[PDB]
Protein chains: 2
Amino acid sequence: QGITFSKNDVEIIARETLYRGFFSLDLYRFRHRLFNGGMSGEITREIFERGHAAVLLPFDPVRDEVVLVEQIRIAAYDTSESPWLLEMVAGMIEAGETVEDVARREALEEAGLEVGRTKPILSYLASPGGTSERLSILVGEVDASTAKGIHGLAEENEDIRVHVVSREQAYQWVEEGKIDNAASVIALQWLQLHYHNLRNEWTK
Amino acid sequence: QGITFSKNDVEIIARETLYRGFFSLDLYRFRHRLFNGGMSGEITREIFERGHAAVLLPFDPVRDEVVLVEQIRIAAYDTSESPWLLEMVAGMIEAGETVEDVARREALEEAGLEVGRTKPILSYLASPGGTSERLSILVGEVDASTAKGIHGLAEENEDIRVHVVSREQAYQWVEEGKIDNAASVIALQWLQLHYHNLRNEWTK
Ligand SMILES: Cc1cc2nc3c(=O)[nH]c(=O)nc-3n(C[C@H](O)[C@H](O)[C@H](O)COP(=O)(O)O)c2cc1C
Ligand SMILES: Cc1cc2nc3c(=O)[nH]c(=O)nc-3n(C[C@H](O)[C@H](O)[C@H](O)COP(=O)(O)O)c2cc1C
Ligand SMILES: [Mg+2]
Ligand SMILES: [Mg+2]
Ligand SMILES: [Mg+2]
Ligand SMILES: [Mg+2]
Ligand SMILES: [Mg+2]
């Protein structure tokens, strides 16, 4: 059971920089084993290289509340009613940093929030047919009464509004499509599947 | 409650295609309303443009089983033990096509599956800070006893193996990180939250 082939079964021959800017687009050139027993020819794939992220679900287990951050994501424009999205605290992981350190820093910068205990949720590939991006989600214990106002680093063009909702309200917003970005959907579905045990663990 | 601003509150000054090949990388140039009042200055963001996708979770409600497809995703290489992933049926939406048309076609091409009823799951933005990609997920009724073998269009370097597992096993693999691509995580978490009602609906 499970997958069939490993890194022993693929060779990346080269990678070519197609675009170098704030992010990169690379052409991976590779060969790989086929399920029918043979080897492929040379395959090329364009891969968006934009580093990797830490994501924090800020959950108040006493009040059963979730903290959301609202900010514009221009890429949402063409397929969404508004480019302002309700999301999780999140940011890029730089060389040598831990997921948890990034999550704590972004929680302060983006929501004014201190974080207590944490637990991993899931680490996922956003869209692995075309981007290498992995996002590692934690749940962090917060006092949602301290979450309010306008945050973000303005000198970085980051303008963020904090919203506090109940867990059930946040999940309803997922069901209705009002929250519809992968990181938040995954985190809030996870919360719906684990909140009983998590609240118990964090209110003992 | 909900979001604060709409499309009237952002001005997209220009878009510039920085790279065009199989996919594109566009630079969006825009200004937008700020929460504390006023307008931002001009901001630029590099956005990976690769169109949008239809995704099908193939669920057998008689057997409580799911059909997974396995194929290499080279972008997973640098952060995963293997680039071969277990995933949902999925394909790009071409001009004029519906999500449902694409989902049904890909289920046949990628898994040899005829699909009975479908229902929407969720439509999500994969990673809206850096890509416009939206993926719309349906759950599709299948007979998992008909799912086996090697599929995908080999003339297009799409080499796919079918796997059948229990829903519970597929969800356990999400919890364990053996399934860790967004489309499958979102679909299988949704299934874990809705399967009881879905099985009742589809075995009437
Ligand atoms: C069905 C199909 C799917 C493809 N999918 C991708 C893809 O996901 N990413 C990518 O970079 N190129 C993709 N390509 C493009 C191929 O890698 C290649 O650039 C194209 O087929 C032209 O090959 P040629 O220059 O040898 O004629 C796809 C091509 C086909 C026909
Ligand atoms: C903190 C920070 C975050 C940034 N995030 C992004 C980003 O997500 N996407 C992007 O295309 N550029 C991003 N940029 C790059 C800026 O959009 C801009 O290109 C860069 O600051 C250079 O601007 P300049 O030409 O005025 O010097 C970021 C820059 C900074 C300082
Ligand atoms: Mg080797
Ligand atoms: Mg952020
Ligand atoms: Mg930030
Ligand atoms: Mg597929
Ligand atoms: Mg296909």
# chains A, B, ... in the order shown; residues from 1 in each chain; ligands from 1
call {"tool": "residues_around", "arguments": {"residues": "range 124-135 of chain A", "least_positions_apart": "2", "cutoff": "9 Å", "atoms": "only C-alpha atoms", "output": "compact mmCIF listing (two decimals) with C-alpha atoms, in the first residue's frame"}}
result
# COMPACT_ATOMS: atom_id res chain seq x y z
CA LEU A 25 10.17 30.27 -12.11
CA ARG A 45 7.98 21.25 -16.02
CA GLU A 46 7.69 24.93 -15.15
CA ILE A 47 7.77 25.28 -11.35
CA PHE A 48 6.97 28.46 -9.41
CA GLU A 49 9.57 28.80 -6.64
CA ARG A 50 8.41 31.14 -3.90
CA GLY A 51 9.82 29.54 -0.76
CA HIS A 52 7.72 27.98 2.00
CA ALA A 53 5.40 29.26 4.70
CA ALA A 54 4.41 28.90 8.33
CA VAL A 55 0.68 29.20 9.07
CA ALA A 90 1.10 33.30 8.01
CA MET A 92 7.55 33.10 4.74
CA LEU A 122 -0.68 19.52 8.87
CA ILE A 137 0.20 24.82 9.81
CA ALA A 182 -6.43 26.63 1.20
CA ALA A 183 -4.57 27.41 4.42
CA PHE B 23 2.30 28.98 -17.71
CA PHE B 48 1.87 32.83 -11.11
CA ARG B 50 -1.73 28.83 -14.64
CA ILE B 72 4.97 12.16 -10.10
CA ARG B 73 4.86 15.85 -9.16
CA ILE B 74 8.47 16.98 -9.48
CA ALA B 75 7.77 20.23 -7.59
CA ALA B 76 7.27 18.10 -4.46
CA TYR B 77 10.85 16.79 -4.68
CA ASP B 78 12.69 19.28 -2.51
CA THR B 79 10.35 19.05 0.51
CA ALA B 126 -4.45 27.41 -3.65
CA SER B 127 -2.08 30.14 -2.43
CA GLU B 133 -5.12 29.48 -9.13
CA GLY B 177 1.18 13.23 6.28
CA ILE B 179 -1.40 12.51 1.71
CA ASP B 180 -0.31 16.14 1.91
CA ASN B 181 -1.40 17.99 -1.23
CA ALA B 182 -4.03 20.66 -0.67
CA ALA B 183 -6.72 19.31 -3.00
CA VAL B 185 -6.40 17.18 2.19
call {"tool": "calpha_fit_and_write", "arguments": {"fixed": "chain B", "moving": "chain A", "output": "mmCIF file with C-alpha atoms, in the first residue's frame"}}
result
data_model
loop_
_atom_site.group_PDB
_atom_site.id
_atom_site.type_symbol
_atom_site.label_atom_id
_atom_site.label_comp_id
_atom_site.auth_asym_id
_atom_site.auth_seq_id
_atom_site.Cartn_x
_atom_site.Cartn_y
_atom_site.Cartn_z
ATOM 1 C CA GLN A 1 -19.093 40.901 10.064
ATOM 2 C CA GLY A 2 -16.943 39.713 7.186
ATOM 3 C CA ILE A 3 -14.553 41.545 4.914
ATOM 4 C CA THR A 4 -14.281 45.328 4.801
ATOM 5 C CA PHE A 5 -13.597 46.327 1.203
ATOM 6 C CA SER A 6 -14.855 45.379 -2.265
ATOM 7 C CA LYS A 7 -13.691 45.776 -5.871
ATOM 8 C CA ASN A 8 -14.860 49.402 -5.643
ATOM 9 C CA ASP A 9 -11.891 49.913 -3.288
ATOM 10 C CA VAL A 10 -9.031 48.698 -5.507
ATOM 11 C CA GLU A 11 -7.831 49.701 -8.969
ATOM 12 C CA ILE A 12 -5.563 47.447 -11.004
ATOM 13 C CA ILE A 13 -3.596 49.995 -13.037
ATOM 14 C CA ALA A 14 -1.849 47.505 -15.334
ATOM 15 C CA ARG A 15 -0.534 43.949 -15.574
ATOM 16 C CA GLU A 16 2.861 43.221 -17.096
ATOM 17 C CA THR A 17 3.870 39.828 -18.519
ATOM 18 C CA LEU A 18 7.075 38.917 -16.695
ATOM 19 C CA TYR A 19 7.247 35.465 -18.287
ATOM 20 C CA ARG A 20 5.229 33.838 -21.069
ATOM 21 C CA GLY A 21 5.626 30.106 -21.569
ATOM 22 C CA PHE A 22 3.344 27.181 -20.854
ATOM 23 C CA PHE A 23 2.210 29.227 -17.844
ATOM 24 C CA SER A 24 2.691 32.951 -17.218
ATOM 25 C CA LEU A 25 3.975 35.187 -14.467
ATOM 26 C CA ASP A 26 2.380 38.638 -14.378
ATOM 27 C CA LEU A 27 3.187 41.749 -12.376
ATOM 28 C CA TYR A 28 -0.065 43.258 -11.111
ATOM 29 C CA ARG A 29 0.232 47.020 -10.441
ATOM 30 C CA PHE A 30 -2.558 48.330 -8.230
ATOM 31 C CA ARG A 31 -3.692 50.721 -5.517
ATOM 32 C CA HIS A 32 -6.153 49.963 -2.748
ATOM 33 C CA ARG A 33 -7.871 51.420 0.271
ATOM 34 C CA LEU A 34 -6.223 50.986 3.660
ATOM 35 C CA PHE A 35 -7.948 50.014 6.887
ATOM 36 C CA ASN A 36 -6.787 53.325 8.456
ATOM 37 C CA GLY A 37 -8.889 55.281 5.924
ATOM 38 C CA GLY A 38 -6.274 56.219 3.328
ATOM 39 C CA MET A 39 -5.220 54.965 -0.084
ATOM 40 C CA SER A 40 -2.070 52.947 -0.680
ATOM 41 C CA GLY A 41 0.613 53.983 -3.109
ATOM 42 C CA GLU A 42 1.243 51.806 -6.143
ATOM 43 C CA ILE A 43 1.792 48.195 -5.103
ATOM 44 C CA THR A 44 3.257 45.519 -7.351
ATOM 45 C CA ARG A 45 2.872 41.777 -6.923
ATOM 46 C CA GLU A 46 4.219 38.879 -8.971
ATOM 47 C CA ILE A 47 1.357 36.474 -9.698
ATOM 48 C CA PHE A 48 1.723 32.977 -11.167
ATOM 49 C CA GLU A 49 -1.016 32.525 -13.779
ATOM 50 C CA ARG A 50 -1.633 28.879 -14.559
ATOM 51 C CA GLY A 51 -5.386 28.743 -15.111
ATOM 52 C CA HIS A 52 -7.846 26.932 -12.851
ATOM 53 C CA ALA A 53 -8.683 23.327 -12.072
ATOM 54 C CA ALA A 54 -11.496 20.877 -11.500
ATOM 55 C CA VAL A 55 -10.902 18.256 -8.796
ATOM 56 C CA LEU A 56 -12.900 15.058 -8.257
ATOM 57 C CA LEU A 57 -13.062 13.076 -5.022
ATOM 58 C CA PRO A 58 -14.171 9.644 -6.325
ATOM 59 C CA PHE A 59 -16.222 8.132 -3.495
ATOM 60 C CA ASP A 60 -18.009 4.785 -3.501
ATOM 61 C CA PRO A 61 -20.816 5.218 -0.944
ATOM 62 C CA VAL A 62 -21.803 1.538 -1.000
ATOM 63 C CA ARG A 63 -18.322 0.320 -0.119
ATOM 64 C CA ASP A 64 -17.161 3.434 1.784
ATOM 65 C CA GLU A 65 -14.072 3.530 -0.430
ATOM 66 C CA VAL A 66 -12.033 6.324 -2.033
ATOM 67 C CA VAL A 67 -10.100 6.165 -5.303
ATOM 68 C CA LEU A 68 -6.669 7.844 -5.292
ATOM 69 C CA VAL A 69 -4.320 8.414 -8.212
ATOM 70 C CA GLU A 70 -0.545 8.237 -7.897
ATOM 71 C CA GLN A 71 1.763 10.174 -10.192
ATOM 72 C CA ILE A 72 5.002 12.109 -10.085
ATOM 73 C CA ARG A 73 4.872 15.840 -9.270
ATOM 74 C CA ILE A 74 8.452 17.009 -9.646
ATOM 75 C CA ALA A 75 7.767 20.227 -7.725
ATOM 76 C CA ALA A 76 7.241 18.134 -4.584
ATOM 77 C CA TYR A 77 10.830 16.852 -4.769
ATOM 78 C CA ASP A 78 12.671 19.359 -2.593
ATOM 79 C CA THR A 79 10.365 19.108 0.444
ATOM 80 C CA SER A 80 9.023 15.540 0.241
ATOM 81 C CA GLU A 81 10.362 12.040 0.700
ATOM 82 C CA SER A 82 9.238 11.152 -2.822
ATOM 83 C CA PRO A 83 7.852 13.240 -5.690
ATOM 84 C CA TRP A 84 5.216 10.576 -6.399
ATOM 85 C CA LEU A 85 2.037 11.779 -4.704
ATOM 86 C CA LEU A 86 -1.351 10.285 -3.885
ATOM 87 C CA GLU A 87 -3.968 12.720 -5.143
ATOM 88 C CA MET A 88 -7.439 13.379 -6.454
ATOM 89 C CA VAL A 89 -8.421 13.107 -10.071
ATOM 90 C CA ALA A 90 -7.982 16.631 -11.419
ATOM 91 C CA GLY A 91 -7.311 18.721 -14.498
ATOM 92 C CA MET A 92 -7.249 22.131 -16.064
ATOM 93 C CA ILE A 93 -10.479 23.824 -17.093
ATOM 94 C CA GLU A 94 -10.242 25.129 -20.642
ATOM 95 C CA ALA A 95 -12.251 28.000 -22.092
ATOM 96 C CA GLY A 96 -15.965 27.262 -22.193
ATOM 97 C CA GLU A 97 -15.825 24.021 -20.170
ATOM 98 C CA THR A 98 -17.670 23.228 -16.972
ATOM 99 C CA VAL A 99 -16.043 21.996 -13.789
ATOM 100 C CA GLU A 100 -18.120 18.837 -13.923
ATOM 101 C CA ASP A 101 -17.280 18.029 -17.547
ATOM 102 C CA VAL A 102 -13.570 18.307 -16.775
ATOM 103 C CA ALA A 103 -13.955 16.144 -13.673
ATOM 104 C CA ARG A 104 -15.731 13.421 -15.664
ATOM 105 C CA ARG A 105 -13.172 13.470 -18.468
ATOM 106 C CA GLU A 106 -10.233 13.294 -16.061
ATOM 107 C CA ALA A 107 -11.883 10.491 -14.084
ATOM 108 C CA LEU A 108 -11.989 8.406 -17.263
ATOM 109 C CA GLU A 109 -8.511 9.359 -18.475
ATOM 110 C CA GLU A 110 -6.777 9.094 -15.107
ATOM 111 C CA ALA A 111 -8.659 6.285 -13.378
ATOM 112 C CA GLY A 112 -10.855 4.549 -15.964
ATOM 113 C CA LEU A 113 -13.859 5.641 -13.907
ATOM 114 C CA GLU A 114 -17.426 6.453 -14.796
ATOM 115 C CA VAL A 115 -19.057 8.925 -12.405
ATOM 116 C CA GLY A 116 -22.672 8.902 -11.291
ATOM 117 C CA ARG A 117 -24.159 11.611 -9.086
ATOM 118 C CA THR A 118 -22.039 14.565 -8.005
ATOM 119 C CA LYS A 119 -22.131 17.269 -5.357
ATOM 120 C CA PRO A 120 -19.862 20.281 -4.840
ATOM 121 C CA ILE A 121 -17.350 20.144 -2.023
ATOM 122 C CA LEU A 122 -15.545 23.506 -1.974
ATOM 123 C CA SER A 123 -13.777 25.855 -4.352
ATOM 124 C CA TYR A 124 -10.496 27.237 -3.039
ATOM 125 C CA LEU A 125 -7.547 29.463 -3.878
ATOM 126 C CA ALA A 126 -4.402 27.335 -3.714
ATOM 127 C CA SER A 127 -2.066 30.097 -2.477
ATOM 128 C CA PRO A 128 -3.475 33.545 -3.212
ATOM 129 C CA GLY A 129 -0.458 35.567 -2.094
ATOM 130 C CA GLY A 130 1.362 34.442 -5.234
ATOM 131 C CA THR A 131 -0.939 32.560 -7.642
ATOM 132 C CA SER A 132 -4.428 33.168 -8.972
ATOM 133 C CA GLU A 133 -5.156 29.436 -9.175
ATOM 134 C CA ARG A 134 -8.591 28.340 -8.038
ATOM 135 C CA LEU A 135 -9.525 24.652 -7.766
ATOM 136 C CA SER A 136 -13.154 23.562 -7.630
ATOM 137 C CA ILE A 137 -13.702 20.211 -5.917
ATOM 138 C CA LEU A 138 -16.658 17.871 -6.522
ATOM 139 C CA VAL A 139 -17.453 14.515 -4.933
ATOM 140 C CA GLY A 140 -18.469 11.959 -7.533
ATOM 141 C CA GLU A 141 -20.269 8.676 -6.974
ATOM 142 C CA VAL A 142 -18.203 5.760 -8.256
ATOM 143 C CA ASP A 143 -18.062 1.964 -8.147
ATOM 144 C CA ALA A 144 -14.592 1.549 -6.669
ATOM 145 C CA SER A 145 -14.418 -2.082 -7.827
ATOM 146 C CA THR A 146 -14.033 -0.699 -11.380
ATOM 147 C CA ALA A 147 -11.058 1.482 -10.371
ATOM 148 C CA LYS A 148 -7.752 -0.279 -10.990
ATOM 149 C CA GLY A 149 -4.617 -0.273 -13.072
ATOM 150 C CA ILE A 150 -2.395 2.186 -14.898
ATOM 151 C CA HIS A 151 -3.962 5.146 -16.684
ATOM 152 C CA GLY A 152 -3.073 8.639 -17.815
ATOM 153 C CA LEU A 153 -2.495 9.843 -21.360
ATOM 154 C CA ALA A 154 1.005 8.553 -22.107
ATOM 155 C CA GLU A 155 1.379 10.823 -25.148
ATOM 156 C CA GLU A 156 1.029 13.691 -22.630
ATOM 157 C CA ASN A 157 3.673 12.284 -20.237
ATOM 158 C CA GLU A 158 0.905 11.401 -17.754
ATOM 159 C CA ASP A 159 1.612 8.070 -15.992
ATOM 160 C CA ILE A 160 -0.926 7.309 -13.259
ATOM 161 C CA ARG A 161 -1.524 4.363 -10.923
ATOM 162 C CA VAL A 162 -4.924 3.840 -9.317
ATOM 163 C CA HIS A 163 -5.135 3.018 -5.619
ATOM 164 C CA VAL A 164 -8.353 2.094 -3.826
ATOM 165 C CA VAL A 165 -8.540 2.474 -0.040
ATOM 166 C CA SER A 166 -11.309 2.706 2.520
ATOM 167 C CA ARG A 167 -12.374 6.206 3.497
ATOM 168 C CA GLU A 168 -10.964 5.711 6.985
ATOM 169 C CA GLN A 169 -7.668 4.523 5.500
ATOM 170 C CA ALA A 170 -7.415 7.573 3.224
ATOM 171 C CA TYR A 171 -8.125 9.901 6.143
ATOM 172 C CA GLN A 172 -5.537 8.146 8.298
ATOM 173 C CA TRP A 173 -3.062 8.779 5.483
ATOM 174 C CA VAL A 174 -3.913 12.503 5.682
ATOM 175 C CA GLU A 175 -3.365 12.468 9.444
ATOM 176 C CA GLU A 176 0.022 10.739 9.035
ATOM 177 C CA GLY A 177 1.211 13.033 6.235
ATOM 178 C CA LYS A 178 1.178 10.310 3.557
ATOM 179 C CA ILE A 179 -1.400 12.405 1.669
ATOM 180 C CA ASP A 180 -0.255 16.026 1.897
ATOM 181 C CA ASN A 181 -1.394 17.972 -1.168
ATOM 182 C CA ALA A 182 -4.026 20.650 -0.659
ATOM 183 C CA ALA A 183 -6.694 19.270 -2.987
ATOM 184 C CA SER A 184 -6.672 15.828 -1.367
ATOM 185 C CA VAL A 185 -6.410 17.118 2.203
ATOM 186 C CA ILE A 186 -9.364 19.460 1.690
ATOM 187 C CA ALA A 187 -11.449 16.808 -0.065
ATOM 188 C CA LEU A 188 -10.758 14.078 2.513
ATOM 189 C CA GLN A 189 -11.292 16.341 5.509
ATOM 190 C CA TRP A 190 -14.563 17.378 3.902
ATOM 191 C CA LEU A 191 -15.458 13.722 3.447
ATOM 192 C CA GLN A 192 -14.724 13.022 7.111
ATOM 193 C CA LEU A 193 -17.079 15.866 8.049
ATOM 194 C CA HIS A 194 -19.894 14.850 5.661
ATOM 195 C CA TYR A 195 -19.727 11.099 4.962
ATOM 196 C CA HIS A 196 -22.689 10.078 7.121
ATOM 197 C CA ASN A 197 -25.146 12.338 5.317
ATOM 198 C CA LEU A 198 -23.570 11.694 1.906
ATOM 199 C CA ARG A 199 -23.737 7.906 2.259
ATOM 200 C CA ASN A 200 -27.353 8.204 3.369
ATOM 201 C CA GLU A 201 -28.223 10.444 0.422
ATOM 202 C CA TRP A 202 -26.565 8.096 -2.073
ATOM 203 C CA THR A 203 -27.772 4.748 -0.680
ATOM 204 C CA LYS A 204 -31.476 5.581 -0.230
#
call {"tool": "select_by_dssp", "arguments": {"residues": "range 24-197 of chain A", "states": "strand (DSSP E)", "output": "PyMOL selection string"}}
result
chain A and resi 24-32+43-49+53-60+65-72+84-87+89-92+118-125+134-141+150-151+160-166
